[PDB]
Amino acid sequence: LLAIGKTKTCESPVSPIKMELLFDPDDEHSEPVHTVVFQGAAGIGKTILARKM
Amino acid sequence: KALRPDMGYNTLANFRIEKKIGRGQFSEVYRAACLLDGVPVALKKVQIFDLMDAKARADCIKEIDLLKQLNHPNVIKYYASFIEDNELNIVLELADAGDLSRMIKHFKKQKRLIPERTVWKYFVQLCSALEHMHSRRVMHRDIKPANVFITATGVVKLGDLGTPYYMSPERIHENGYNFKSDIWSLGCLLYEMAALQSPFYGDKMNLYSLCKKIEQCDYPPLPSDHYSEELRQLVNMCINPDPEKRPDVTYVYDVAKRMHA
Amino acid sequence: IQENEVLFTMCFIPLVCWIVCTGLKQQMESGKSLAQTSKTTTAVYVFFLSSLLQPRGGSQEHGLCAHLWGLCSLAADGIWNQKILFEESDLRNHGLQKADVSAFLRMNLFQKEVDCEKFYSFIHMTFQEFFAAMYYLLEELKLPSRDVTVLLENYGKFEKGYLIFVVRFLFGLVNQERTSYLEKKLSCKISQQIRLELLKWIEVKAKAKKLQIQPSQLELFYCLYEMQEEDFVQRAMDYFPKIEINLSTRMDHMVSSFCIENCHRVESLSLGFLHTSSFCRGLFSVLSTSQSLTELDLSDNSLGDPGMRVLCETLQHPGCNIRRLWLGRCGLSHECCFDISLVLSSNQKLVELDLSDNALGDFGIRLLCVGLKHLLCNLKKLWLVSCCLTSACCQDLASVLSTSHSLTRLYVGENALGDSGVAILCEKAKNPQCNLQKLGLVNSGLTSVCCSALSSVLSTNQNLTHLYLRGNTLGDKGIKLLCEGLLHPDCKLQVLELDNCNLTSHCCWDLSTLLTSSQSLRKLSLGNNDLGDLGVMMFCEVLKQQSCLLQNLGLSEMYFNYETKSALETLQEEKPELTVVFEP
Amino acid sequence: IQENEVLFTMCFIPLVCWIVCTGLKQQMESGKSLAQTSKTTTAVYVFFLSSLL
Ligand SMILES: Nc1ncnc2c1ncn2[C@@H]1O[C@H](COP(=O)(O)OP(=O)(O)OP(O)(O)=S)[C@@H](O)[C@H]1O
Ligand SMILES: [Mg+2]
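Chains as they are written, first to last, in the deposited numbering: chain A, 187 to 239; chain B, 20 to 181, 199 to 297; chain C, 399 to 538, 551 to 685, 726 to 1034; chain D, 399 to 451.
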């Protein structure tokens, strides 16, 4: 909250998640997930992302 | 003729006096040129023989041996300290264009006076120098506009430490020279920069009158509608009869920094 | 947008980035200049709030208003208590339960030990500050007293730096058309007298003589900028005329430019810069457009040659109303001296100039004199102290002195002019028609040889009034040479400064004769000279006569005895109109 | 934990071992020194009772 308010402009790269393998199992020999829950602030892109998918 | 051999860095023959920068009651300063090196320095000479009781000059030389090691961006560089021509010889950095003594006189010509921004920009550096030397237990004996120098780049260089320009409250009712005497001198210097004049000017130029003026700590407050309230109160705190009433060097430096920001 | 930071950050919300990009598209396609376009940080939030509170079916208009006010008071008391993260207990304490489906309230739940708790929170601290401002603006356990003045002084000190943004958003909201739009959106009338209260606060701050506690000049500029109300800005900026501002970001540039443009009662302005020409272009353009300006303090600013060129281009505008411009220690040189000469020759409003600590050089002075000798040159007073000049440019200086009809006072001390340069200047100043009045050779390295030439100048020219020769070791021979001329009845000098002149006790009789004869001089400063107790006694003996028309004497830095001090005090009190400054 | 005995013994109950391991995980990932961390024998029982009822 506070930093992003200030500028949050510092170099803070992260590891991104992809979209095609959102339902794939965590490991490689487990069971695939059967529910995902997108959550975000109000008007942040939930519906547009659903339409894009 | 036969100039003195140019072997070491402590000799008059190794210096060429271009001119006399000034002539104070205690020292005479000339714009010398180191022949061996080839840079223009300031050669200050004091007649040690006059006020030479043999109990102060020796300690003065021993202590001034420490001063070249005093390396701060805001303090005059001490090059040499020796004895020649029956008088001392001190080689320091030269800052002729920058001299608050002449700057105040030049500005007094114009009705408009100096800006709060510039005084703060110089005062932060002055506080930095004072704190840096005090943290090593070393003090500026006398702080005055005539001994505070600046440069073209905007840096403020503290001059060589020496009735003085500023009479400390501890000097009055003489008991010693405390770290707060430097704070008092710095506050009086702030007042002098602010008003183009020291806080103890008046028609009555008698010693008793001015001493009681210092004791009562009564001065014409700086122009409120041109100088800041926090600055006008900081100068008041630094100018106080009580020794501990004066804020510490670190305190004044921190406030100066937060205002320069 | 990237210029503004409070927006660049909150531009992560895609809706709040669209709300700001369509806003710029409107200006772009409605025939307007975006370079002068403004994007206040409060309009974005107003539109965001309006877009979010879409009526989800006609139901509970009063309910929506009440829940918005409850959330608003929540934000207000949270900002007062530094409550970044609220809790269900506080949300119940404030009129709230459900309904408000996390538009600006995201239930981030933190697990500690064995179980996790709610810990409601706002989408962002700036958003919460905006909601606090809306709480203040809007019209009605107890949340912080709605005293706008109380919040204002809390923003004015008391270590509440976390109120600048709430005040800024209050100013953004008190906007007339924006306030009306919010009223039409939420079906709730607003109070405009808060605007007059804020105006009276700004009046107090301006009638505070640069009090700059916290709500400093730049902060008030930002507040008015976010206000964006033209009439309010005009009516409020009138108390500013003495303004001292410094810039560190493009946002500072824009705020200062807009505030100055809206200012109608501005005379004295000091501007500083940190870390140029691109933003300074517009800043100085707006300054030149301003027609009430009188002063421009650019001292202690590293303008550089490109900056000086931009400044001279701006000043060349026919509407320029700048009378005084001080450029001390601005890093100027001969190259910018060409444009300075162009400005001097073109503009007919310039009156005075000070370029102290400028690397003008002989070439710089050569370029400058070209403009000075122009018939349109109306400059009067020039300061070139410590300009690194020498006697080489003294020829051009004397030519300009003998040519220009307006240049009167010149002070070129702290320069290696020398005796030859002083003689060159004197050969032209001796002309009786010469307009030079006050001459300063501050620490110019003058000797007794030029003393005779200066005496000839004094006897010939009748327009010289004040003479400063500090820093020159004239000696007793030079003192006598000067006295020989100043005793001449044609001498019209009034003040003579000769400190650091290397004067001995011999000149005591010279000065006594000058005091006894000279009928024009009024002030004599001679400090930093060991004239002696004998000299002071003789001078006081001559002064005690009623024939001493002089009024000021300065012997500062002169050390005397108790007897001499007592005699000086007795003389000063016997002649109150005659003052002698000899303080310790 | 092994330093404390009254806990090492009652750590056979898997729930009462999880209640003590998550407690240390919180300190470990909340920027704190476990070498100076404390694990009082009564907090574990309070959390156990709360989880049970
Ligand atoms: N992927 C995207 N790229 C650019 N803009 C987007 C994107 N997604 C959404 N937007 C903008 O954001 C607006 C709304 O985004 P949404 O995520 O649909 O909001 P929303 O979350 O559906 O509103 P809520 O929270 O469901 S009431 C759209 O009108 C777009 O202009
Ligand atoms: Mg959605």
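Beta carbons: idealized from backbone N, C-alpha and C, even for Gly.
Chain C partners of residue i, CB-CB under 7 Å?
i: B:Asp239; result: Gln1022, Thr1029
i: D:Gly421; result: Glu511
i: A:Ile203; result: Under the 7 Å cutoff, chain C gives no residues; its nearest Cβ is about 17 Å from A:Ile203.
i: residue 240 of chain A; result: Within the shown structure, residues of chain A are numbered from 187 to 239, placing residue 240 of chain A beyond reach of any answer.
Just to confirm the assignment, what range does the beta strand (DSSP E) spanning residue i have?
i: C:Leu657; result: 652-657
i: C:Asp747; result: 745-747
Taking its Cβ as the centre, do 16 or more other Cβ atoms sit within 10 Å of residue i, making it buried, or is it exposed?
i: A:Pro199; result: exposed
i: B:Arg282; result: buried
i: C:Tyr1012; result: exposed
i: C:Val907; result: buried
i: C:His460; result: exposed
i: A:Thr233; result: exposed
i: B:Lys176; result: buried
i: C:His663; result: buried
i: C:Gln638; result: buried
i: B:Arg136; result: buried
i: C:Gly455; result: exposed
i: C:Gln526; result: buried
What are the boundary residues of the alpha helix (DSSP H) that residue i is part of?
i: residue 540 of chain C; result: Between 538 and 551 in chain C the model has nothing, and residue 540 of chain C is one of the residues in that span.
i: C:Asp662; result: 660-672
i: C:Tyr518; result: Not the alpha helix (DSSP H): C:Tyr518 falls in the beta strand (DSSP E), residues 518-520.
i: B:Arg268; result: 265-274
i: C:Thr764; result: 754-765
i: C:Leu630; result: 627-637
i: C:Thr1014; result: 1012-1024
i: B:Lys216; result: 215-231
i: C:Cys787; result: 784-796
i: C:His465; result: 459-478
i: C:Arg774; result: Unbroken run through C:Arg774 is the beta strand (DSSP E), 774-776; no alpha helix (DSSP H).
Show which residues of chain A have a CB atom less than 7 Å away from the CB atom of residue i.
i: residue 704 of chain C; result: Residue numbering in chain C jumps from 685 to 726; residue 704 of chain C, which lies between, is not modelled.
i: C:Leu946; result: Simply none; closest approach about 60 Å.
For residue i, which residues in chain C fall below 8 Å Cβ to Cβ?
i: A:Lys194; result: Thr407
i: B:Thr30; result: Under the 8 Å cutoff, chain C gives no residues; its nearest Cβ is about 25 Å from B:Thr30.
i: D:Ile417; result: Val512
i: B:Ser204; result: Under the 8 Å cutoff, chain C gives no residues; its nearest Cβ is about 13 Å from B:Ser204.
i: B:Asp179; result: Near B:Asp179 there are no residues of chain C at all, since even the closest Cβ is about 17 Å away, more than 8 Å.
At 9 Å on the CB atoms, spell out the chain C contacts of residue i, in chain order.
i: D:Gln424; result: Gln509, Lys510, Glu511
i: B:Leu70; result: The premise fails here: B:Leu70 is roughly 13 Å from chain C at the closest Cβ pair, so nothing lies under 9 Å.
What does residue i reach in chain B if we use C-beta pairs closer than 9 Å?
i: C:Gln622; result: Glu135, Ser264, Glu265, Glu266
i: C:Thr659; result: Those within 9 Å of C:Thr659 in chain B number zero; the least Cβ separation is about 14 Å.
So residue i contacts chain B; which residues on that side make the cut at Cβ distance below 8 Å?
i: C:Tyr1009; result: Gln44, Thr199
i: C:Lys1015; result: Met241, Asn242, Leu243
Mind pulling the chain B residues with CB within less than 7 Å of residue i?
i: residue 691 of chain C; result: Here chain C breaks off after 685 and picks up again at 726, leaving residue 691 of chain C without coordinates.
i: C:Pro1034; result: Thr199, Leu243, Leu246
i: C:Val892; result: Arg121, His125
i: C:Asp807; result: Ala116, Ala171
- Any residues in the segment 505-525 of chain C with a beta carbon nearer than 9 Å to a beta carbon of chain D? Which ones, in chain order? Here the close residues are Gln509, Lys510, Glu511, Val512, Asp513.
- Query: Are at least three pairs of beta-carbons, each pair with one atom in the segment 988-1006 of chain C and one in the segment 208-221 of chain B, less than 8 Å apart?
  - Reply: no
- Can you find at least 3 beta carbon pairs, one from the segment 615-630 of chain C and one from the segment 229-242 of chain B, that sit closer than 8 Å? no
- Members of the segment 460-484 of chain C near chain A, C-beta cut-off 9 Å: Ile482, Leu483
- Are the segment 806-821 of chain C and the segment 775-782 of chain C touching, with three or more C-beta to C-beta distances below 8 Å? The segment 806-821 of chain C is in contact with the segment 775-782 of chain C.
- Message: Is it the case that the segment 479-497 of chain C contacts the segment 457-471 of chain C, given that we only count it when at least three CB pairs across the two stretches are under 8 Å?
- Response: yes
- Quick one: any contact between the segment 55-74 of chain B and the segment 123-135 of chain B, if contact means 3 or more CB pairs under 8 Å? Judged by Cβ distances under 8 Å, the segment 55-74 of chain B makes no contact with the segment 123-135 of chain B, as fewer than three pairs qualify.
- Touch test, the segment 135-143 of chain B against the segment 843-860 of chain C, Cβ-Cβ under 8 Å, three pairs minimum: no
- Task: Scan the segment 430-442 of chain D for residues whose Cβ lies nearer than 7 Å to a Cβ of chain C and list them as they occur along the chain.
- Result: Residues are counted here when their Cβ sits less than 7 Å from a Cβ of chain C; for the segment 430-442 of chain D the count is zero.
- Taking one C-beta from the segment 576-590 of chain C and one from the segment 616-624 of chain C each time, how about it: are there three or more such pairs within less than 8 Å? no
- Determine which residues of the segment 136-157 of chain B have a Cβ less than 7 Å from any Cβ of chain C, and write them out in chain order. Listed by position along the chain: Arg136, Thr137, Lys140.
- Task: Determine contact between the segment 411-423 of chain D and the segment 264-275 of chain B, defined as no fewer than three beta-carbon pairs at a distance below 8 Å.
- Result: Cβ pair count under 8 Å is below three, so no.
- Using a Cβ-Cβ cut-off of less than 9 Å, give me the residues of the segment 645-677 of chain C that come near chain B, in sequence order. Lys652, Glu654, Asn656
- Query: So, do the segment 60-70 of chain B and the segment 937-954 of chain C have three or more beta carbon pairs nearer to each other than 8 Å?
  - Reply: Three or more beta-carbon pairs separated by less than 8 Å are not found between the segment 60-70 of chain B and the segment 937-954 of chain C, which leaves the two stretches without contact.
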